[PDB]
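Visitor:
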Amino acid sequence: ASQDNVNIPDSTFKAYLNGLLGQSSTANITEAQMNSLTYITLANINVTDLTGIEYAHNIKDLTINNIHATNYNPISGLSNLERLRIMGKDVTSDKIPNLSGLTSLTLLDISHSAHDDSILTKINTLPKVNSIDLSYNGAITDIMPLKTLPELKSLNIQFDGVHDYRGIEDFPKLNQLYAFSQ
Amino acid sequence: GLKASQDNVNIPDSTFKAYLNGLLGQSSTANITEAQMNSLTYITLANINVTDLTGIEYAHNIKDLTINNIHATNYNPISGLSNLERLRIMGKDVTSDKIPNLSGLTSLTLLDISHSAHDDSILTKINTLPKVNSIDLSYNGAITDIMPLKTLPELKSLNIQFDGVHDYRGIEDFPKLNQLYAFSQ
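Chains B and A are the protein sequences, given in the same order. Using PDB author numbering, read the first sequence as starting at 38 and increasing by one per residue. Using PDB author numbering, read the second sequence as starting at 35 and increasing by one per residue.
#1: Are the segment 125–136 of chain A and the segment 87–96 of chain A touching, with three or more C-beta to C-beta distances below 8 angstroms?
#2: With contact counted as at least three CB pairs below 8 angstroms, one residue from each stretch, are the segment 189–196 of chain B and the segment 187–196 of chain A in contact?
#3: By Cβ distance below 6 angstroms, which residues in the same chain neighbour residue 144 (chain B) in space, the five residues on each side in sequence not counted?
#4: Could you check what DSSP says for residue 54 (chain B) in three-state terms: helix, strand or coil?
#5: For residue 218 (chain A), would you say it is in contact with chain B, using Cβ-to-Cβ distances shorter than 9 angstroms as the test?
#6: Assess, as a yes-or-no matter, whether the segment 199–217 of chain B is touched by the segment 204–213 of chain A under the definition of 3 or more beta carbon pairs within less than 8 angstroms.
#7: Select from B:94, B:127, B:38 the residue whose C-alpha is nearest the C-alpha of residue 140 (chain B).
#8: What residues of chain B sit near residue 205 (chain A), judged by a beta carbon separation below 7 angstroms?
#9: Determine the chain B residues that contact residue 215 (chain A) at a beta-carbon separation under 8 angstroms, and present them in chain order.
#10: If you follow the alpha helix (DSSP H) that residue 115 (chain B) is part of, which residue opens it and which one closes it?
#11: Kindly indicate if chain A contains any beta-carbon less than 9 angstroms away from that of residue 212 (chain B).
#12: Please state whether the Cβ-Cβ distance between residue 73 (chain A) and residue 63 (chain A) is less than 9 angstroms.
#13: Are the C-beta of residue 191 (chain A) and some C-beta of chain B separated by less than 9 angstroms?
#14: Can you tell me whether residue 197 (chain A) is helix, strand or coil according to DSSP?
#15: List the whole-angstrom C-beta distance separating residue 96 (chain A) from residue 109 (chain A), where the pair is believed to meet the contact cut-off of C-beta under 8 angstroms.
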């Protein structure tokens, strides 16, 4: 199946990927080509559907800002990701899948979004995550479930809705906290 | 009582005495009575050289004491200002040995000792203030421990931005903390 073309129904996303591959914007892309990529960065471009990204088995960095995707479900199997950034005023917690499969992830940034407390049980089993940025999510009020993260050292909750700090003592490796009320 | 109110106050620092005389409408070197010190509501000493605050212990009615960059030898004379509500002392030379134990500041609701050179020795000097509800310890790189502050019964707001705190165990024991400002290196 390595030579099979990949369905990338979003033309803007497909144009971006073709650019990385030195191809014209509407050219077809094989599974092998997707497997050759190491980073994807989508910042302030309109990408509504990330279908196709599940074939990018080797990307180590995925950086997304204000792309207005319907959801981010196709990232759930990207087991080689090390650094994941997803931001956007329209990114509510339903849009992000459970991330337990991101077994290489060391950095998670989901700042400047519209997350609520439900995001915490999607991100609290990441085995290697070292830093989490949850800042500028005003509806996040309870970060106690993050105590289950074995390697978390840095946590940013600036400008969230957190006003109860009980539980932070249960974080095994936390040594850098960024906090700012209101 | 009535006699004592007319007694002159020893204020050996001439810069401080001149400042106080300004507030009182007197010439810069005029003598100042105990009653006159008790008539003050605010004292702000900013970017003037005041080595010694002796005399300030008579300012029983001041509600705010604001001190920035005065290079005092120490701040001992403030220790008994039990009616003081807001205290700010800042300066790059202000180490914790220069601030007296503040447990006698029974009315204090606001403490700001930011932008200074404090270390963990300050903690036992400020952790039993009975009414303090906000403390700003920011920009003191040598403050590394917040645990002793759990003994403050009314503390709601704590600012430790740009300190040296890397261990947050004990924060769960603060009875009223509901606003935290924190930022590492």
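Built from N, CA and C at the ideal position, the CB exists for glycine as well.
Guide: Looking at the atomic coordinates:
#1: no
#2: no
#3: Stepping through the first sequence from its first residue, residue 144 (chain B) is reached at position 107. Taken in chain order, the residues that qualify are 120, 168.
#4: If you number the first sequence from 1, residue 54 (chain B) lands on position 17. Of the three classes helix, strand and coil, the one that applies to residue 54 (chain B) here is helix, per DSSP.
#5: For the purposes of this step, residue 218 (chain A) is taken as residue 184 along the second sequence, with counting starting at 1. Chain B, which has a Cβ nearer than 9 angstroms to the Cβ of residue 218 (chain A), makes this yes.
#6: yes
#7: As a working mapping, residue 140 (chain B) is identified with position 103 in the first sequence. Checked all of B:94, B:127, B:38; the closest Cα to residue 140 (chain B) is B:94.
#8: Along the second sequence, read from residue 1 onward, the residue named residue 205 (chain A) stands at position 171. Chain B residues near residue 205 (chain A): 202, 205, 206.
#9: The sequence position of residue 215 (chain A) within the second sequence is 181, counting from 1. Going along chain B in sequence order, the residues near residue 215 (chain A) (Cβ under 8 angstroms) are 216, 217, 218.
#10: Against the first sequence, residue 115 (chain B) aligns to sequence position 78. Taken as a continuous stretch (DSSP letters only), residue 115 (chain B) belongs to no alpha helix (DSSP H), as it is neither H nor E.
#11: What you label residue 212 (chain B) is simply residue 175 of the first sequence in a count that begins at 1. It does; some Cβ of chain A falls within 9 angstroms.
#12: One-based indexing of the second sequence puts residue 73 (chain A) at position 39. One-based indexing of the second sequence puts residue 63 (chain A) at position 29. Not a contact, by the Cβ cut-off of 9 angstroms.
#13: Along the second sequence, read from residue 1 onward, the residue named residue 191 (chain A) stands at position 157. By this cut-off, residue 191 (chain A) is an interface position.
#14: In the second sequence, the residue the question calls residue 197 (chain A) occupies position 163. Strand.
#15: In the second sequence, counting from the first residue as 1, residue 96 (chain A) sits at position 62. In the second sequence, counting from the first residue as 1, residue 109 (chain A) sits at position 75. That pair is no contact at about 14 angstroms.
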